[PDB]
């Protein structure tokens, strides 16, 4: 019986609503929950869902070199699978395995409508409008690791004000955008979700890069291939598209 680590994130994973107390895996619904279920069927496994305890996706501390969050749990064999909006990044592929992507997205900008801002560059070359990303995120990491002119400057900007422009959750990042002169760097899929519930927000510019989400397995895990096949199957039969329709 497989230990599946994950994390709360609308509409990927979230506590279901009801009137009478819920226990175990019934506590959860969401796109990733649906997906977990489909894989569960196709590959014939039983599974226990656990929320990652530190509440983080996965980042590496420069100095000591330790990993945290879901990625850490995978490394330690404390979980068998990580099923979340976990980005397939190359720093991560060096420590865990990933199924082929069940979703392709990209970094982009969340800002309110009708500003002159039209791209990442327009943000970089000024200072009035602040900007940031989820701290220890894949998105933040992209900027930290980037030797592209524009993004290096934008990183320089953020790392110098992390106290105030780097947020701890996609929610908090959206709140900043809505309550100050702030533009948020988040994933396109999540932007696409938010720009429905909030009608004064929009995606500025296009996709900055092009990552995917994948199922996290400890390195060398047999399920990496199994789950890749299952996912390829789910794409090809329209179920993944249907599932996104459903939650967006």
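Residue numbers count along the first chain shown, from 1.
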Next item on the list: Identify the stretch, either 170 to 178 or 131 to 139, whose C-alpha atoms have the larger mean B-factor according to the entry.
Entry: 170 to 178
Notebook entry, point to check: Which is higher in the entry, the mean Cα B factor of 94 to 102 or that of 157 to 165?
Noted result: 157 to 165
Note to self: Using only the C-alpha B-factors in the record, can you name which of 211, 50, 197, 37 has the highest?
What the structure shows: 197
Check: Where does residue 219 sit by CA temperature factor within its chain: lowest, middle or highest third?
Finding: lowest
Margin query: Considering every modelled residue of the chain and its Cα B-factor in the PDB entry, is residue 207 in the lowest, middle or highest third?
Written below: lowest
Notebook entry, point to check: With respect to C-alpha B-factor, does residue 190 fall in the lowest, middle or highest third of the chain as deposited?
Noted result: lowest
Next item on the list: Taking the chain's C-alpha temperature factors as the reference, tell me which third residue 73 falls into: lowest, middle or highest.
Entry: middle
Notebook entry, point to check: How does residue 46 rank on Cα B-factor within its chain, lowest, middle or highest third?
Noted result: highest
